[PDB]
>>> print(open('start_24.cif').read())   # mmCIF, C-alpha atoms and all ligand atoms
data_structure
loop_
_atom_site.label_atom_id
_atom_site.label_comp_id
_atom_site.auth_asym_id
_atom_site.auth_seq_id
_atom_site.Cartn_x
_atom_site.Cartn_y
_atom_site.Cartn_z
CA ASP X 4 30.78 -47.03 64.71
CA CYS X 5 28.64 -47.42 61.53
CA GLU X 6 28.78 -50.63 59.47
CA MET X 7 30.81 -49.38 56.52
CA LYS X 8 30.87 -50.58 52.91
CA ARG X 9 33.04 -49.26 50.12
CA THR X 10 33.08 -49.16 46.38
CA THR X 11 35.42 -47.64 43.87
CA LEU X 12 34.82 -45.89 40.55
CA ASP X 13 36.91 -44.62 37.69
CA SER X 14 36.56 -40.92 36.84
CA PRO X 15 38.53 -38.38 34.79
CA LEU X 16 40.09 -37.32 38.08
CA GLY X 17 41.34 -40.81 38.91
CA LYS X 18 39.86 -43.45 41.16
CA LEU X 19 37.29 -42.45 43.74
CA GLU X 20 36.58 -44.51 46.83
CA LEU X 21 33.06 -44.23 48.25
CA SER X 22 32.31 -45.31 51.76
CA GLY X 23 28.94 -45.37 53.48
CA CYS X 24 26.48 -47.23 55.64
CA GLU X 25 22.85 -48.14 55.21
CA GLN X 26 21.96 -44.67 56.57
CA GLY X 27 24.02 -42.71 54.01
CA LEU X 28 27.16 -41.87 52.13
CA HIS X 29 30.07 -41.00 54.47
CA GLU X 30 33.02 -40.10 52.23
CA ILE X 31 34.25 -39.58 48.71
CA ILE X 32 38.06 -39.99 48.66
CA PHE X 33 40.38 -39.20 45.73
CA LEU X 34 42.81 -42.12 45.33
CA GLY X 35 44.51 -40.72 42.22
CA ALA X 50 25.10 -57.64 46.82
CA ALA X 51 23.82 -54.21 45.67
CA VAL X 52 23.11 -53.67 41.99
CA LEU X 53 23.65 -50.37 40.17
CA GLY X 54 20.29 -48.53 40.04
CA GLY X 55 19.37 -49.50 43.59
CA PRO X 56 18.23 -47.26 46.48
CA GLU X 57 21.28 -47.95 48.70
CA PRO X 58 23.26 -44.73 49.39
CA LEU X 59 26.48 -46.15 47.90
CA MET X 60 24.63 -47.07 44.77
CA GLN X 61 22.91 -43.65 44.53
CA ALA X 62 26.25 -41.97 45.07
CA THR X 63 27.80 -44.10 42.36
CA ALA X 64 25.03 -43.26 39.94
CA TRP X 65 25.23 -39.52 40.75
CA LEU X 66 28.98 -39.23 40.22
CA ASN X 67 28.90 -41.23 36.99
CA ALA X 68 26.12 -38.91 35.69
CA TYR X 69 28.10 -35.88 36.89
CA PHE X 70 31.07 -36.88 34.76
CA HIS X 71 29.38 -38.67 31.83
CA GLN X 72 25.86 -37.19 31.56
CA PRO X 73 26.16 -33.75 33.27
CA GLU X 74 23.16 -32.35 31.39
CA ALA X 75 21.02 -34.91 33.33
CA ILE X 76 22.57 -34.27 36.75
CA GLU X 77 19.47 -32.74 38.38
CA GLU X 78 17.52 -35.94 37.45
CA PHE X 79 19.63 -38.11 39.75
CA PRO X 80 18.77 -38.62 43.46
CA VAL X 81 21.28 -37.05 45.87
CA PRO X 82 22.27 -39.78 48.33
CA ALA X 83 21.54 -39.48 51.98
CA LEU X 84 24.67 -38.34 53.87
CA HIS X 85 25.70 -39.82 57.16
CA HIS X 86 29.21 -38.59 57.89
CA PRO X 87 29.27 -37.51 61.52
CA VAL X 88 29.58 -33.82 60.37
CA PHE X 89 26.03 -34.13 59.06
CA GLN X 90 24.63 -35.75 62.21
CA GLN X 91 24.78 -32.65 64.47
CA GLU X 92 23.95 -28.98 64.13
CA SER X 93 26.92 -26.75 63.46
CA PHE X 94 28.07 -23.81 61.27
CA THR X 95 30.22 -26.37 59.35
CA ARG X 96 27.10 -28.37 58.60
CA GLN X 97 25.22 -25.23 57.58
CA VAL X 98 28.08 -24.30 55.15
CA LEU X 99 28.01 -27.78 53.55
CA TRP X 100 24.26 -28.17 53.39
CA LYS X 101 23.62 -24.62 52.10
CA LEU X 102 26.32 -25.10 49.42
CA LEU X 103 24.72 -28.37 48.32
CA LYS X 104 21.14 -26.92 48.39
CA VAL X 105 21.88 -23.59 46.69
CA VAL X 106 24.90 -23.55 44.41
CA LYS X 107 24.00 -25.25 41.12
CA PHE X 108 26.04 -26.93 38.38
CA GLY X 109 27.69 -24.09 36.45
CA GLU X 110 27.46 -21.39 39.19
CA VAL X 111 29.93 -20.20 41.85
CA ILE X 112 29.46 -18.23 45.10
CA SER X 113 32.10 -16.32 47.01
CA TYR X 114 33.39 -17.52 50.41
CA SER X 115 31.95 -14.39 51.97
CA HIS X 116 28.48 -14.82 50.52
CA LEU X 117 28.49 -18.49 51.55
CA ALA X 118 29.43 -17.39 55.13
CA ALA X 119 26.36 -15.15 55.19
CA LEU X 120 24.19 -17.89 53.69
CA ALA X 121 25.38 -20.26 56.41
CA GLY X 122 24.43 -17.69 59.15
CA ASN X 123 27.70 -15.86 59.93
CA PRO X 124 28.46 -13.05 57.50
CA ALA X 125 32.15 -12.20 57.39
CA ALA X 126 33.21 -15.68 58.70
CA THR X 127 35.13 -16.40 55.47
CA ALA X 128 38.05 -18.14 57.21
CA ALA X 129 35.62 -20.47 59.01
CA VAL X 130 33.94 -21.23 55.69
CA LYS X 131 37.32 -22.21 54.25
CA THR X 132 37.98 -24.50 57.21
CA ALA X 133 34.51 -26.14 56.82
CA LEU X 134 35.16 -26.70 53.09
CA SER X 135 38.56 -28.30 53.79
CA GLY X 136 36.68 -30.74 56.00
CA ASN X 137 34.02 -31.56 53.35
CA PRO X 138 34.01 -35.40 53.40
CA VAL X 139 32.02 -35.68 50.11
CA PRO X 140 33.72 -33.48 47.52
CA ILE X 141 32.20 -32.93 44.03
CA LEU X 142 28.75 -34.03 45.33
CA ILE X 143 28.93 -31.20 47.83
CA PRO X 144 30.44 -28.73 45.43
CA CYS X 145 33.33 -27.07 47.33
CA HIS X 146 34.91 -26.30 43.94
CA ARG X 147 32.11 -23.75 43.26
CA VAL X 148 33.20 -21.57 46.21
CA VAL X 149 35.58 -18.88 45.00
CA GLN X 150 37.39 -15.83 46.46
CA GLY X 151 35.75 -13.31 44.18
CA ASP X 152 34.66 -12.55 40.66
CA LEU X 153 38.18 -12.82 39.21
CA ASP X 154 39.87 -15.03 41.77
CA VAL X 155 38.97 -18.72 41.84
CA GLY X 156 40.62 -19.10 45.33
CA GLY X 157 42.10 -22.33 46.78
CA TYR X 158 41.13 -25.99 46.92
CA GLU X 159 41.74 -28.72 49.53
CA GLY X 160 42.12 -31.13 46.57
CA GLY X 161 44.49 -28.75 44.70
CA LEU X 162 43.96 -25.82 42.32
CA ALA X 163 44.21 -27.83 39.05
CA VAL X 164 41.30 -30.05 40.18
CA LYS X 165 39.13 -27.05 41.18
CA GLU X 166 39.75 -25.35 37.85
CA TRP X 167 39.15 -28.61 35.92
CA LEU X 168 35.77 -29.13 37.57
CA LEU X 169 34.73 -25.54 36.86
CA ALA X 170 35.79 -26.04 33.20
CA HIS X 171 33.74 -29.28 33.09
CA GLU X 172 30.77 -27.21 34.22
CA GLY X 173 31.49 -24.51 31.60
CA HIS X 174 32.23 -21.76 34.09
CA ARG X 175 34.24 -18.66 33.14
CA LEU X 176 36.65 -19.35 36.00
CA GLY X 177 37.27 -22.91 34.77
CA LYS X 178 40.65 -23.80 33.27
CA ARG X 179 41.93 -27.04 31.79
ZN ZN X 201 26.72 -43.96 58.91
#
>>> encode(input="start_24.cif", output="structure tokens")
Amino acid sequence: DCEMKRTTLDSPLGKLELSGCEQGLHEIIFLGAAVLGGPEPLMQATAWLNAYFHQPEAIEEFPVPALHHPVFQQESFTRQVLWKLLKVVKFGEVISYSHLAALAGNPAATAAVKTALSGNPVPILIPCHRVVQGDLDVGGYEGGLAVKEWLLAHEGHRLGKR
């Protein structure tokens, strides 16, 4: 019911479509009036993703856009999983599904964590690629394994592959 605008960007992973309202970013989708630099969520999201890919050493300098997908508008374990992942798991780190489950308030709910991650509407920004099965097992990805491994390699992680 929000008044939605969209923008596209090029990335090493193909074209990304951003959609959002004045209250926040809604979605980042892999497709395979505002000026850049502005405070509008879509513009902040654009800036953040471009820095992620092209100036990753500066990534913490960039404002994280407000998020307004309906999954962020109400309390839930799914929201806890997404927000805790965003808040806690930094560029270049990973966390296991099981430790994220505990972080999000339900230790041992690994399958529910996986379901929440599959429903992440803002991939890369909320870093579902940094959630792994265990120390030697990168686990699965809603976007596909090759993408998960590529992102981890971009961030210099041991579990990265490209
Ligand atoms: Zn909205």
>>> residues_around(input="start_24.cif", residues="residue 86 in chain X", least_positions_apart="2", cutoff="6 Å", atoms="all atoms listed in the file", output="list in words")
residues 29, 88 and 89 of chain X
>>> residues_near_ligand(input="start_24.cif", ligand="ligand ZN 201 (chain X)", cutoff="10 Å", atoms="only C-alpha atoms and all ligand atoms", output="number ranges by chain")
X: 4-8, 22-30, 83-87, 89-90
>>> write_last_selection(input="start_24.cif", atoms="C-alpha atoms", output="PDB file, in the coordinates of the input")
ATOM      1  CA  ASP X   4      30.780 -47.030  64.710  1.00  0.00           C
ATOM      2  CA  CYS X   5      28.640 -47.420  61.530  1.00  0.00           C
ATOM      3  CA  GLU X   6      28.780 -50.630  59.470  1.00  0.00           C
ATOM      4  CA  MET X   7      30.810 -49.380  56.520  1.00  0.00           C
ATOM      5  CA  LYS X   8      30.870 -50.580  52.910  1.00  0.00           C
ATOM      6  CA  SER X  22      32.310 -45.310  51.760  1.00  0.00           C
ATOM      7  CA  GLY X  23      28.940 -45.370  53.480  1.00  0.00           C
ATOM      8  CA  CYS X  24      26.480 -47.230  55.640  1.00  0.00           C
ATOM      9  CA  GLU X  25      22.850 -48.140  55.210  1.00  0.00           C
ATOM     10  CA  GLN X  26      21.960 -44.670  56.570  1.00  0.00           C
ATOM     11  CA  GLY X  27      24.020 -42.710  54.010  1.00  0.00           C
ATOM     12  CA  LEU X  28      27.160 -41.870  52.130  1.00  0.00           C
ATOM     13  CA  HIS X  29      30.070 -41.000  54.470  1.00  0.00           C
ATOM     14  CA  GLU X  30      33.020 -40.100  52.230  1.00  0.00           C
ATOM     15  CA  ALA X  83      21.540 -39.480  51.980  1.00  0.00           C
ATOM     16  CA  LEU X  84      24.670 -38.340  53.870  1.00  0.00           C
ATOM     17  CA  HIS X  85      25.700 -39.820  57.160  1.00  0.00           C
ATOM     18  CA  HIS X  86      29.210 -38.590  57.890  1.00  0.00           C
ATOM     19  CA  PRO X  87      29.270 -37.510  61.520  1.00  0.00           C
ATOM     20  CA  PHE X  89      26.030 -34.130  59.060  1.00  0.00           C
ATOM     21  CA  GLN X  90      24.630 -35.750  62.210  1.00  0.00           C
TER      22      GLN X  90
END
>>> residues_around(input="start_24.cif", residues="residue 65 in chain X", least_positions_apart="4", cutoff="10 Å", atoms="only C-alpha atoms", output="number ranges by chain")
X: 59-61, 69-73, 75-82, 142
>>> write_last_selection(input="start_24.cif", atoms="C-alpha atoms", output="compact mmCIF listing (two decimals), keeping the file's coordinate frame")
# COMPACT_ATOMS: atom_id res chain seq x y z
CA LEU X 59 26.48 -46.15 47.90
CA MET X 60 24.63 -47.07 44.77
CA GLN X 61 22.91 -43.65 44.53
CA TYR X 69 28.10 -35.88 36.89
CA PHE X 70 31.07 -36.88 34.76
CA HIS X 71 29.38 -38.67 31.83
CA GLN X 72 25.86 -37.19 31.56
CA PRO X 73 26.16 -33.75 33.27
CA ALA X 75 21.02 -34.91 33.33
CA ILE X 76 22.57 -34.27 36.75
CA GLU X 77 19.47 -32.74 38.38
CA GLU X 78 17.52 -35.94 37.45
CA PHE X 79 19.63 -38.11 39.75
CA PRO X 80 18.77 -38.62 43.46
CA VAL X 81 21.28 -37.05 45.87
CA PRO X 82 22.27 -39.78 48.33
CA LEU X 142 28.75 -34.03 45.33
>>> closest_residue(input="start_24.cif", among="X:35, X:173, X:17, X:151", to="residue 108 in chain X", atoms="all atoms listed in the file")
X:173
>>> closest_residue(input="start_24.cif", among="X:137, X:150, X:67, X:91", to="residue 117 in chain X", atoms="all atoms listed in the file")
X:150
>>> residues_near_point(input="start_24.cif", point="(33.0, -18.9, 62.0)", cutoff="12 Å", atoms="all atoms listed in the file", output="ChimeraX atom specification")
/X:93-98,114-115,117-119,121-133
>>> residues_around(input="start_24.cif", residues="residue 179 in chain X", least_positions_apart="3", cutoff="12 Å", atoms="all atoms listed in the file", output="PDB file with C-alpha atoms, keeping the file's coordinate frame")
ATOM      1  CA  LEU X 162      43.960 -25.820  42.320  1.00  0.00           C
ATOM      2  CA  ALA X 163      44.210 -27.830  39.050  1.00  0.00           C
ATOM      3  CA  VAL X 164      41.300 -30.050  40.180  1.00  0.00           C
ATOM      4  CA  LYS X 165      39.130 -27.050  41.180  1.00  0.00           C
ATOM      5  CA  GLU X 166      39.750 -25.350  37.850  1.00  0.00           C
ATOM      6  CA  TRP X 167      39.150 -28.610  35.920  1.00  0.00           C
ATOM      7  CA  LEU X 168      35.770 -29.130  37.570  1.00  0.00           C
ATOM      8  CA  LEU X 169      34.730 -25.540  36.860  1.00  0.00           C
ATOM      9  CA  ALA X 170      35.790 -26.040  33.200  1.00  0.00           C
ATOM     10  CA  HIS X 171      33.740 -29.280  33.090  1.00  0.00           C
ATOM     11  CA  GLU X 172      30.770 -27.210  34.220  1.00  0.00           C
ATOM     12  CA  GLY X 173      31.490 -24.510  31.600  1.00  0.00           C
ATOM     13  CA  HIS X 174      32.230 -21.760  34.090  1.00  0.00           C
ATOM     14  CA  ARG X 175      34.240 -18.660  33.140  1.00  0.00           C
ATOM     15  CA  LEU X 176      36.650 -19.350  36.000  1.00  0.00           C
TER      16      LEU X 176
END
>>> closest_residue(input="start_24.cif", among="X:177, X:9, X:68, X:52", to="residue 154 in chain X", atoms="all atoms listed in the file")
X:177
>>> atom_distance(input="start_24.cif", atom1="CA of residue 109 in chain X", atom2="CA of residue 161 in chain X")
19.3 Å
>>> atom_distance(input="start_24.cif", atom1="CA of residue 102 in chain X", atom2="CA of residue 158 in chain X")
15.0 Å
>>> atom_distance(input="start_24.cif", atom1="CA of residue 153 in chain X", atom2="CA of residue 111 in chain X")
11.4 Å
>>> closest_residue(input="start_24.cif", among="X:21, X:145, X:139, X:155", to="residue 34 in chain X", atoms="all atoms listed in the file")
X:21
